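Below you'll find the structure, written out as structure tokens, and then a few comments.
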Amino acid sequence: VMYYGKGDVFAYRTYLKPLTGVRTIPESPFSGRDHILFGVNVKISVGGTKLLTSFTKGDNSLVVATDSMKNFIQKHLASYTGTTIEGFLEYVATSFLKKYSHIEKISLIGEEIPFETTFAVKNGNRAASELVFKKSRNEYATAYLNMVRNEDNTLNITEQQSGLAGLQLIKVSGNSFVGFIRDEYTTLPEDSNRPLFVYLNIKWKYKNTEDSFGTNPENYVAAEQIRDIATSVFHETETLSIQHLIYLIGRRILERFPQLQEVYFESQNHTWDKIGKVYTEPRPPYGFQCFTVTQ
Amino acid sequence: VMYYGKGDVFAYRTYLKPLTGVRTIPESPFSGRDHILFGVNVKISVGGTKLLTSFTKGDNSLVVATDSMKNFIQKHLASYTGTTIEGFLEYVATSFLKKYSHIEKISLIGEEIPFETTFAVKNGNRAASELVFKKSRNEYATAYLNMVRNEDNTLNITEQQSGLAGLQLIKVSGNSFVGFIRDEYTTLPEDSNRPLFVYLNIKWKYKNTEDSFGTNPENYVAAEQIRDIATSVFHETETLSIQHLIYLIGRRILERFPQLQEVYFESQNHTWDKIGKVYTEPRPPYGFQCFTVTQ
Amino acid sequence: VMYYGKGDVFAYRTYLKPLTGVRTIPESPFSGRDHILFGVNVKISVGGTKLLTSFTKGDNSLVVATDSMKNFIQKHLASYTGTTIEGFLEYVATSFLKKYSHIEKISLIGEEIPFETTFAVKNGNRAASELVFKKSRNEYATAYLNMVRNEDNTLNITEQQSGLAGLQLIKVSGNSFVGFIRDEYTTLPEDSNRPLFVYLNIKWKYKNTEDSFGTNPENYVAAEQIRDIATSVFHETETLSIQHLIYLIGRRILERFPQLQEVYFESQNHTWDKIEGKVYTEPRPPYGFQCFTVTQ
Amino acid sequence: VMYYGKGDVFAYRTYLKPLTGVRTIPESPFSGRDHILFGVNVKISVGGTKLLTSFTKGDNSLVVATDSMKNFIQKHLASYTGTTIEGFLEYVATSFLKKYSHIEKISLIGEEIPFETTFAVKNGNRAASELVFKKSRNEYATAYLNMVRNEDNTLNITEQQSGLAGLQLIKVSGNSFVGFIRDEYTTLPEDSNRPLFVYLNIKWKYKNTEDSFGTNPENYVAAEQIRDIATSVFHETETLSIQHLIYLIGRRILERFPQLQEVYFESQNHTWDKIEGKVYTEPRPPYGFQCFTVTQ
Ligand SMILES: O=c1[nH]c(=O)c2nn[nH]c2[nH]1
Ligand SMILES: O=c1[nH]c(=O)c2nn[nH]c2[nH]1
Ligand SMILES: O=c1[nH]c(=O)c2nn[nH]c2[nH]1
Ligand SMILES: O=c1[nH]c(=O)c2nn[nH]c2[nH]1
């Protein structure tokens, strides 16, 4: 392995071009993003055989400083004329490879720093403020992009993946976990009605990576919409396990968004122990599941 | 000092009696709490001169196990018939002192564990779920109560305070910080238009402690309402400092709730450095302010 | 209440004057501090009635910017010629009140950012490096100071406290917790031999505030020494409770340091749950705690 | 992708068989591990085509409960008779695949929960306690293992890797970063003498997986020894970059441990910003990093 880069490149832009014209779906009110405030945390990794002597000889001649990579990202956010994190990563990646001919590969992560609307009163009327926003430490959209320079000097996206991270959902009833293996190691009781508490990371890949950019917004899949599909499916499903739940969420996603090729899940079980009905936090060990649904 | 207790007593109650009958204010849609899911994180501390030999001699005869205090709290959440964290603390405090004659003082903290509603579709109709909720790591309500046993064996609440913790607000424009002292230690440039980013912890005390319990809901002050006052005042104010903002928030709160005696603020400055406009995270050191507005 | 200030003022100084000439105790090999690297995390709070209109009117005329307080602290660590965090706080506090005559009260916290020695081979042998240090996220020393300006413009310290925070100690045997109240709220089994795991914050106050500064280092009480008393007493004692343990630690501290007026404990119980060999695991989140003062 | 499992399976064992008979190196005094307290945090992931209907149909007939996996791990730590985390993972993995014939693959991560010695006075002298230990939140050893079941029901290790995580080292002088690209994105000054502060995660792979277990301890590579190589090479080296340093650390590791095939680094730059004495402070959050393998 040989690469290097910069992490935790926070960048906040005001008044990015708004994202409008999205295709709505039944599960979600989402219809675009005002982009009064657009926050992203970027990580950049780069590689190329020509970097070898920066390691083996201490030769910094071909080292773009990681501090300069941070400047590069923040300055490109000031000039970005598009409307999504996905498109912003493509802009940064193409621009970086065009600038630095000795770089052969670039990997980018962008994580949304989300902000929510707040109430303000003007002339007695309460409505969403256009100035004051609330920083959210809950779920957030993500985007990943890998681009390479080929032998013929063409640039090519070899991987692209969008996502929703940090979704923590609890359903108070209508969940069971029964029928699992009972042997010398099994102490868990069957439960026909548990308050299933899952953490979800959900990632999707497009059949056509250009759909991820938002330039034709009707083909863009929004993390907000994915969130609302997950809650809808959770609500309507008498779940039989987390495994069963996440399969059904994935099927619904792929039904609503035929332009997607796959949906990938990382889920964690954080269900409370049962002590009106009162529950409490469990000991630290947590179950998890990882599963891809394909179109 | 001599006391002991139990922290991080998480307890989750389903279907607590709903909080209804509250007074609604223009700044906030708040009109009560459904209480399908009621989460609280409780800290209990107890004292009394008869505890002395548990320390000085290793005598456990008068030690209620801290583990038992956890059981006490969780069982009392199961039997609580009221509608507020503040009232639940009074229930626990009175019950504990009635149970254990050798305890002279009990302090309680209750911190809301907040859950937000989610969307679900049924037969082409999208609505709030009554089953699926989203765990929030953003702002949360708080309550504090200290109760003592007097020499005539009556019980007396000696301090009560409610609050809202963890509110993080950024206003993109309409904020200035100018006119401060410039001397050998001053490098901060004056700024007539900064995207002020404040963390707020807001606490209030009632003129009459009974109003905190929710027995008469018309007199209850909800943390949700405090939040929306704070965002509305931030929106409308051309801020001149954080100090200036929190004073005005406090005045508005006391105007809206004449049953309150005081509002106390703990604020922090997390405003980004300026690099379309793009900003980035500052170095770790953070400004802060602490101020009481009284009625 | 009315005050404001700056938190998380990190400041790393190289080659501070070393702390030597300390007085030893049986429980500790501590003999001083090299101070090749001296890290401290400072919080400053200031007050004064003349700050009122910065809140009530948005008048910044008498506001020292909190950013300037950061500069103030960092610049004073560069000029500090003493040997302790405690003395550094007195230097900052006196300097700040002299500089800003409208400020009536200043409160300072300083938390050590500790670094540990590492090994290097050079010139034929392995020895402690004078250049490479390891950042520790374990226990750390603390200091607290409050100073006021009186009507006549003199300055006075009104509270001083030193401490050791974040000490996490587990003793695998030789601890019991029996004989506690067993009633309708009790499900805890009695345990005659538990692996007691305590978190300890330990804070001490001097009879004479001057002794906290290090100027006469023989009167200084080092957090390293307090750590070593705590581990020794934990080892020595067949404990009967955390309560029992911390009283005994406190008594040993005040016996070893007669210049101390008192020692205050915040302890927490993190003892593991028991499942050929003995195995334990992490408990549920709820944690017991004790707060207790032993006085001279 | 299809797998499921259990994370944060903390397990603490007392009086595991000690690790001794190790082979020493010049950079390190490491001579073994007492194992009075042996703490590990385990993550287990399992897979197999026969699990499909647990997702597609909600059929749990072939689901080992993740809670049962936690019991499996903890009980196996009680019966483990070996001396390393690496060997513990092999014991768990082999045992789990033998128990559950429908599971085709298991991956395990084991992270050390490290404890440090403390001082106690008893019977006239101060010495290391055999009972009281200090929980450390600094660097820690790691182990990774993947095992598969073949068509003929034999089991094979398919990947093994050991490591040291969380090592945070600052060298106060004797580091430069100069000569890098200065173009329209460059605002970093050249620096001929910086206090380079790196975080290091170092992972190694053996030529022969058996050498990772400790059964013949002379062939085991201890994380403690890797730590001490890293601190020695950092001290010895007038560093020209983090990239330069980690290559030199990796070369030394491979020279000292010919039984290793390769060593892999993840480093992060956390060097302080410079504000009488020299004073530095914490930087803004963005951090540089490097990922690099040195092979034998
Ligand atoms: O949904 C669940 N899936 C599982 O695999 C499992 N194991 N224990 N509990 C569980 N719940
Ligand atoms: O609102 C502010 N108040 C202050 O006191 C301050 N100091 N620096 N920046 C500041 N901003
Ligand atoms: O040492 C202890 N003190 C206590 O008060 C207590 N309560 N539960 N366990 C305990 N252990
Ligand atoms: O050691 C370093 N390597 C780098 O690549 C770099 N970039 N900025 N500073 C740096 N330091």
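Ordered as shown in the structure tokens, chains take letters A, B, and onward, while each chain numbers its residues from 1 and ligands are numbered from 1 in the order shown.
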message: Residues near residue 261 of chain D, anyone? I mean within 12 Å using only C-alpha atoms, not counting same-chain ones fewer than 2 positions away, as a ChimeraX atom specification.
response: /D:160-162,203-209,211,221,250-251,253-259,263-264,293-296
task: Write out as a ChimeraX atom specification every residue belonging to chain B that has an atom at most 8 Å from any atom of chain D, counting only C-alpha atoms.
output: /B:281-284
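Between atom CA of residue 287 of chain A and atom 10 (C, counted along the ligand's line) of ligand 1 the separation is 6.6 Å.
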- prompt: Please, which residues of segment 25-227 of chain D, numbered as in this document, come out strand (DSSP E or B) from DSSP, as number ranges by chain?
  reply: D: 25, 28, 33, 37-47, 105-113, 115-122, 125-135, 140-149, 155-171, 175, 177, 191, 197-206
All residues within 7 Å of ligand 2 are required, counting only C-alpha atoms and all ligand atoms; please report them as a PDB file with C-alpha atoms, in the first residue's frame.
ATOM      1  CA  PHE B 177     -18.542  41.779  17.234  1.00  0.00           C
ATOM      2  CA  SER B 241     -22.019  39.743  20.964  1.00  0.00           C
ATOM      3  CA  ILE B 242     -23.105  36.465  22.538  1.00  0.00           C
ATOM      4  CA  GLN B 243     -23.494  38.349  25.832  1.00  0.00           C
ATOM      5  CA  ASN B 269     -18.665  30.397  20.892  1.00  0.00           C
ATOM      6  CA  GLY B 287     -15.168  31.376  24.293  1.00  0.00           C
TER       7      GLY B 287
ATOM      8  CA  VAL C  63     -14.802  43.487  26.923  1.00  0.00           C
ATOM      9  CA  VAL C  64     -11.448  41.784  26.781  1.00  0.00           C
ATOM     10  CA  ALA C  65     -12.027  39.460  23.861  1.00  0.00           C
ATOM     11  CA  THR C  66     -11.920  35.814  24.825  1.00  0.00           C
ATOM     12  CA  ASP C  67      -9.547  35.335  21.898  1.00  0.00           C
TER      13      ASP C  67
END
message: Just want the residues within 6 Å of ligand 3, written as a PyMOL selection string, counting only C-alpha atoms and all ligand atoms.
response: (chain B and resi 65-67) or (chain C and resi 177+241-242)
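Residues in contact with ligand 4 (atom pairs separated by at most 8 Å; only C-alpha atoms and all ligand atoms) are residues 4, 5, 63, 64, 65, 66, 67 and 68 of chain A; 177, 180, 188, 196, 240, 241, 242, 243, 244, 269, 288, 289 and 290 of chain D.
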For C-alpha atoms, I'd like the residues from the last selection saved as an mmCIF file, in the first residue's frame.
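Full text of again-v3.cif as output:
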data_model
loop_
_atom_site.group_PDB
_atom_site.id
_atom_site.type_symbol
_atom_site.label_atom_id
_atom_site.label_comp_id
_atom_site.auth_asym_id
_atom_site.auth_seq_id
_atom_site.Cartn_x
_atom_site.Cartn_y
_atom_site.Cartn_z
ATOM 1 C CA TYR A 4 -1.237 9.709 1.719
ATOM 2 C CA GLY A 5 -3.643 12.533 2.281
ATOM 3 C CA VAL A 63 5.053 15.926 -2.289
ATOM 4 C CA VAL A 64 1.947 18.038 -2.483
ATOM 5 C CA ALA A 65 1.721 19.015 1.164
ATOM 6 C CA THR A 66 -1.319 17.580 2.905
ATOM 7 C CA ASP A 67 -1.908 21.125 4.137
ATOM 8 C CA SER A 68 -2.066 22.181 0.479
ATOM 9 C CA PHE D 177 9.642 19.445 6.506
ATOM 10 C CA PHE D 180 7.716 20.251 -0.855
ATOM 11 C CA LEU D 188 2.514 26.020 4.671
ATOM 12 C CA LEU D 196 6.757 16.485 14.899
ATOM 13 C CA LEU D 240 12.555 14.784 6.702
ATOM 14 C CA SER D 241 8.810 13.925 6.746
ATOM 15 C CA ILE D 242 6.488 11.377 8.338
ATOM 16 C CA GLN D 243 6.809 9.350 5.133
ATOM 17 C CA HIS D 244 10.598 9.278 5.639
ATOM 18 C CA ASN D 269 0.234 14.332 11.647
ATOM 19 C CA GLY D 288 -2.449 14.704 7.329
ATOM 20 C CA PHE D 289 -2.030 10.946 7.091
ATOM 21 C CA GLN D 290 0.110 8.325 5.359
#
field: Which of A:50, A:76, A:33, A:149 sits closest to residue 114 of chain A [using only C-alpha atoms]
entry: A:33
Determine, for each residue of chain B having at least one atom at most 6 Å from an atom of chain A, the closest pair of atoms and their separation in Å to one decimal, counting only C-alpha atoms; order by chain and ascending number, as CSV.
residue,atom,partner,partner_atom,distance
B:10,CA,A:280,CA,5.5
B:11,CA,A:280,CA,4.9
B:12,CA,A:279,CA,5.0
B:13,CA,A:278,CA,4.6
B:14,CA,A:277,CA,6.0
B:78,CA,A:276,CA,4.7
B:119,CA,A:228,CA,6.0
B:120,CA,A:232,CA,3.8
B:121,CA,A:27,CA,5.8
B:131,CA,A:171,CA,5.3
B:132,CA,A:171,CA,4.2
B:133,CA,A:170,CA,5.4
B:134,CA,A:169,CA,4.7
B:135,CA,A:168,CA,5.5
B:137,CA,A:137,CA,5.7
B:138,CA,A:137,CA,5.9
B:168,CA,A:135,CA,5.5
B:169,CA,A:134,CA,4.6
B:170,CA,A:133,CA,5.4
B:171,CA,A:132,CA,4.2
B:172,CA,A:131,CA,5.6
B:228,CA,A:119,CA,5.8
B:232,CA,A:120,CA,3.9
B:235,CA,A:132,CA,5.9
B:276,CA,A:78,CA,4.9
B:277,CA,A:13,CA,5.6
B:278,CA,A:13,CA,4.4
B:279,CA,A:12,CA,4.9
B:280,CA,A:11,CA,4.9
How would the residues just picked look written out with N, CA and C atoms as a PDB file, in the first residue's frame?
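Result file follows (part34.pdb):
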ATOM      1  N   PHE B  10     -30.121   4.985  33.176  1.00  0.00           N
ATOM      2  CA  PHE B  10     -31.020   5.088  32.047  1.00  0.00           C
ATOM      3  C   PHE B  10     -32.306   4.353  32.348  1.00  0.00           C
ATOM      4  N   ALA B  11     -33.427   4.980  31.999  1.00  0.00           N
ATOM      5  CA  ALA B  11     -34.707   4.308  32.123  1.00  0.00           C
ATOM      6  C   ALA B  11     -35.638   4.795  31.020  1.00  0.00           C
ATOM      7  N   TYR B  12     -36.277   3.841  30.344  1.00  0.00           N
ATOM      8  CA  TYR B  12     -37.129   4.114  29.200  1.00  0.00           C
ATOM      9  C   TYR B  12     -38.500   3.584  29.533  1.00  0.00           C
ATOM     10  N   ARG B  13     -39.471   4.478  29.569  1.00  0.00           N
ATOM     11  CA  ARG B  13     -40.867   4.160  29.829  1.00  0.00           C
ATOM     12  C   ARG B  13     -41.667   4.312  28.540  1.00  0.00           C
ATOM     13  N   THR B  14     -42.461   3.305  28.194  1.00  0.00           N
ATOM     14  CA  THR B  14     -43.446   3.468  27.136  1.00  0.00           C
ATOM     15  C   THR B  14     -44.800   3.850  27.723  1.00  0.00           C
ATOM     16  N   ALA B  78     -41.729   2.967  36.533  1.00  0.00           N
ATOM     17  CA  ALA B  78     -42.808   2.075  36.120  1.00  0.00           C
ATOM     18  C   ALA B  78     -44.128   2.431  36.783  1.00  0.00           C
ATOM     19  N   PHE B 119     -41.573   9.349   9.485  1.00  0.00           N
ATOM     20  CA  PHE B 119     -42.623   9.206   8.478  1.00  0.00           C
ATOM     21  C   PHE B 119     -42.858   7.740   8.149  1.00  0.00           C
ATOM     22  N   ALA B 120     -44.115   7.397   7.870  1.00  0.00           N
ATOM     23  CA  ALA B 120     -44.484   6.089   7.343  1.00  0.00           C
ATOM     24  C   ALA B 120     -45.674   6.259   6.403  1.00  0.00           C
ATOM     25  N   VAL B 121     -45.730   5.424   5.362  1.00  0.00           N
ATOM     26  CA  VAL B 121     -46.802   5.459   4.364  1.00  0.00           C
ATOM     27  C   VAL B 121     -47.716   4.261   4.569  1.00  0.00           C
ATOM     28  N   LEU B 131     -45.204   4.261  16.099  1.00  0.00           N
ATOM     29  CA  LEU B 131     -44.401   3.133  16.550  1.00  0.00           C
ATOM     30  C   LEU B 131     -42.904   3.344  16.410  1.00  0.00           C
ATOM     31  N   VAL B 132     -42.465   4.022  15.355  1.00  0.00           N
ATOM     32  CA  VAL B 132     -41.053   4.119  14.999  1.00  0.00           C
ATOM     33  C   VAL B 132     -40.576   5.519  15.332  1.00  0.00           C
ATOM     34  N   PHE B 133     -39.531   5.611  16.151  1.00  0.00           N
ATOM     35  CA  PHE B 133     -38.993   6.901  16.571  1.00  0.00           C
ATOM     36  C   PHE B 133     -37.493   6.967  16.324  1.00  0.00           C
ATOM     37  N   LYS B 134     -36.978   8.189  16.187  1.00  0.00           N
ATOM     38  CA  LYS B 134     -35.575   8.401  15.843  1.00  0.00           C
ATOM     39  C   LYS B 134     -34.855   8.919  17.082  1.00  0.00           C
ATOM     40  N   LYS B 135     -33.837   8.188  17.551  1.00  0.00           N
ATOM     41  CA  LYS B 135     -33.035   8.674  18.669  1.00  0.00           C
ATOM     42  C   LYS B 135     -32.267   9.920  18.248  1.00  0.00           C
ATOM     43  N   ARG B 137     -29.432  12.857  19.197  1.00  0.00           N
ATOM     44  CA  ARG B 137     -28.267  13.301  19.944  1.00  0.00           C
ATOM     45  C   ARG B 137     -28.107  14.828  19.931  1.00  0.00           C
ATOM     46  N   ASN B 138     -29.195  15.563  19.670  1.00  0.00           N
ATOM     47  CA  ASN B 138     -29.157  17.010  19.707  1.00  0.00           C
ATOM     48  C   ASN B 138     -29.626  17.487  21.076  1.00  0.00           C
ATOM     49  N   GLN B 168     -27.388  23.885  19.624  1.00  0.00           N
ATOM     50  CA  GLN B 168     -26.290  24.428  18.830  1.00  0.00           C
ATOM     51  C   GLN B 168     -26.871  25.203  17.653  1.00  0.00           C
ATOM     52  N   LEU B 169     -26.706  26.535  17.666  1.00  0.00           N
ATOM     53  CA  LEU B 169     -27.344  27.423  16.691  1.00  0.00           C
ATOM     54  C   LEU B 169     -26.323  28.255  15.938  1.00  0.00           C
ATOM     55  N   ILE B 170     -26.480  28.329  14.618  1.00  0.00           N
ATOM     56  CA  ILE B 170     -25.618  29.126  13.764  1.00  0.00           C
ATOM     57  C   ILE B 170     -26.518  30.057  12.973  1.00  0.00           C
ATOM     58  N   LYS B 171     -26.191  31.342  12.994  1.00  0.00           N
ATOM     59  CA  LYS B 171     -26.908  32.337  12.215  1.00  0.00           C
ATOM     60  C   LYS B 171     -25.959  32.888  11.159  1.00  0.00           C
ATOM     61  N   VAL B 172     -26.317  32.731   9.879  1.00  0.00           N
ATOM     62  CA  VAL B 172     -25.321  32.900   8.822  1.00  0.00           C
ATOM     63  C   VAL B 172     -24.926  34.353   8.609  1.00  0.00           C
ATOM     64  N   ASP B 228     -37.517  27.355  20.980  1.00  0.00           N
ATOM     65  CA  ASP B 228     -38.059  28.118  19.866  1.00  0.00           C
ATOM     66  C   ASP B 228     -38.043  29.608  20.173  1.00  0.00           C
ATOM     67  N   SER B 232     -36.023  32.199  17.724  1.00  0.00           N
ATOM     68  CA  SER B 232     -36.726  33.372  17.208  1.00  0.00           C
ATOM     69  C   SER B 232     -36.007  34.658  17.605  1.00  0.00           C
ATOM     70  N   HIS B 235     -32.899  35.022  15.484  1.00  0.00           N
ATOM     71  CA  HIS B 235     -33.255  35.433  14.129  1.00  0.00           C
ATOM     72  C   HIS B 235     -33.460  36.944  14.036  1.00  0.00           C
ATOM     73  N   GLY B 276     -18.319  31.899  -3.869  1.00  0.00           N
ATOM     74  CA  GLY B 276     -19.104  31.777  -2.654  1.00  0.00           C
ATOM     75  C   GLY B 276     -18.241  31.801  -1.408  1.00  0.00           C
ATOM     76  N   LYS B 277     -18.853  32.094  -0.260  1.00  0.00           N
ATOM     77  CA  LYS B 277     -18.117  32.186   0.996  1.00  0.00           C
ATOM     78  C   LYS B 277     -17.905  30.785   1.548  1.00  0.00           C
ATOM     79  N   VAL B 278     -16.702  30.523   2.045  1.00  0.00           N
ATOM     80  CA  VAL B 278     -16.385  29.239   2.657  1.00  0.00           C
ATOM     81  C   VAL B 278     -15.699  29.478   3.990  1.00  0.00           C
ATOM     82  N   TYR B 279     -16.108  28.703   4.990  1.00  0.00           N
ATOM     83  CA  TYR B 279     -15.597  28.756   6.348  1.00  0.00           C
ATOM     84  C   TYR B 279     -15.077  27.381   6.737  1.00  0.00           C
ATOM     85  N   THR B 280     -14.346  27.321   7.848  1.00  0.00           N
ATOM     86  CA  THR B 280     -13.790  26.053   8.317  1.00  0.00           C
ATOM     87  C   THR B 280     -13.727  26.083   9.836  1.00  0.00           C
TER      88      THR B 280
END
